[PDB]
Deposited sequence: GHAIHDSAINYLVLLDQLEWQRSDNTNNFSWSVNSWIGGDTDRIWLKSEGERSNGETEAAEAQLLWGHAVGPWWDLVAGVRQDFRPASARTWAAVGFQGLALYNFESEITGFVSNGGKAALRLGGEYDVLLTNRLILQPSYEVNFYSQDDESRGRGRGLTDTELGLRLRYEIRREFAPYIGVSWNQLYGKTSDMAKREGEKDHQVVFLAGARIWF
């Protein structure tokens, strides 16, 4: 009936001797009370997609801005794949906020939880500063946090180039493995990209 295509982040990322193209896409299709969400979010470098993740979710409205979502998450790595059942809650109001809390369950008793949010701070009607956060837990369990700041200029409302920074931290076993591989367990990542929706 209607739809929204929101390519929320299409961005090249630069940190310590790393470089990738990353994406975060969060789109939906349907009616006023029920919709199908298509989410996708991933990284590639050197023509090799290092990692990709997709979710297909039924969203049922529970109030003016919030949906209950239930569906499937599919993770891809070059030599492996993993399927999760997903259930959570998703809020979205364009030019205001997005917020999500989703749990995931997979075969081997594996569970995960993701918290995320962003909100728009209008500097002008077209220059918009967007702080964001994402928190990931895994249990077989806090694994990682990303605190972002993206400054976009809406040329068109449909094409908004931006620059930004993300403060990324690892925790616990993920942090210990990072250090064991000779790497810091935190990064400042620099971003250039575009936000596109229609």
What portions of the deposited sequence, indexed from 1, have no corresponding C-alpha atom in the structure?
1 to 8, 149 to 157
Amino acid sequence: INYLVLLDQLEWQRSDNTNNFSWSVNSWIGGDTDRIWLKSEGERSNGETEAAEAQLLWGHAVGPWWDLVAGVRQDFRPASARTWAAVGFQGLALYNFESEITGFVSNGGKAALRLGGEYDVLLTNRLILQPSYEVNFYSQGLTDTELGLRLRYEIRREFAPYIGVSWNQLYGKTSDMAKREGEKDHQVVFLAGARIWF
From here on, numbers count along this sequence of modelled residues.
79 to 87 versus 113 to 121: which one carries the higher mean Cα B factor per the record?
79 to 87
I need to verify one thing: averaged over C-alpha atoms only, is the B-factor higher for 123 to 131 or for 104 to 112?
104 to 112
Go through 46, 168, 55, 143 one by one and give the residue whose Cα B-factor in the PDB entry is largest.
46
Identity of residue with top Cα B-factor, from 187, 174, 19, 9:
19
What third of its chain, lowest, middle or highest, does the C-alpha temperature factor of residue 1 fall into?
highest
Quick check for you: using the entry's CA B-factors within this chain, is residue 150 in the lowest, middle or highest third?
lowest
Chain thirds by Cα B factor, record data; residue 41 belongs to the highest
Ranked against its chain, the third holding the CA B-factor of residue 61
middle
Residue 34 by Cα B-factor - lowest, middle or highest third of the modelled chain
middle
